[PDB]
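This document opens with one chain alone, in structure tokens, the form deposited in one PDB entry.
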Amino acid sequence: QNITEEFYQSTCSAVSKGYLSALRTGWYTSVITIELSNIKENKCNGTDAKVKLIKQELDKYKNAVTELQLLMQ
């Protein structure tokens, strides 16, 4: 890198040179998909462990789908 500067007493201005461009000229569109599963409201009376953590995450999953559906079109 070689950044240089010049001040002009006559016009009260300064020019900072030695920079390189990276201008956004256009766009690149890509469809990003997430495969979701429609699940029935079935239940189990279990459990000592693990499934109780899995049902909470499954209820959080349903809440996420509900909010995304609420976003309309």
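We number the residues from 1 along the sequence you see. For the two forms, the rigid core is made up of the largest set of C-alpha atoms that agree within 1.5 Å on superposition.
Looking only at CA atoms, which has the higher mean B factor in the entry: 60-68 or 15-23? Per the PDB record, 60-68.
Which is higher on mean Cα B factor in this entry, 6-14 or 48-56? So the stretch with the higher mean C-alpha B-factor is 48-56.
Not pictured, yet referred to below: the form deposited in another entry.
Which of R24, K60, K17, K50 is displaced between the shown form and the other one by 2 angstroms or more at its C-alpha, rigid core aligned: After core superposition, the single residue displaced by 2 Å or more is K50.
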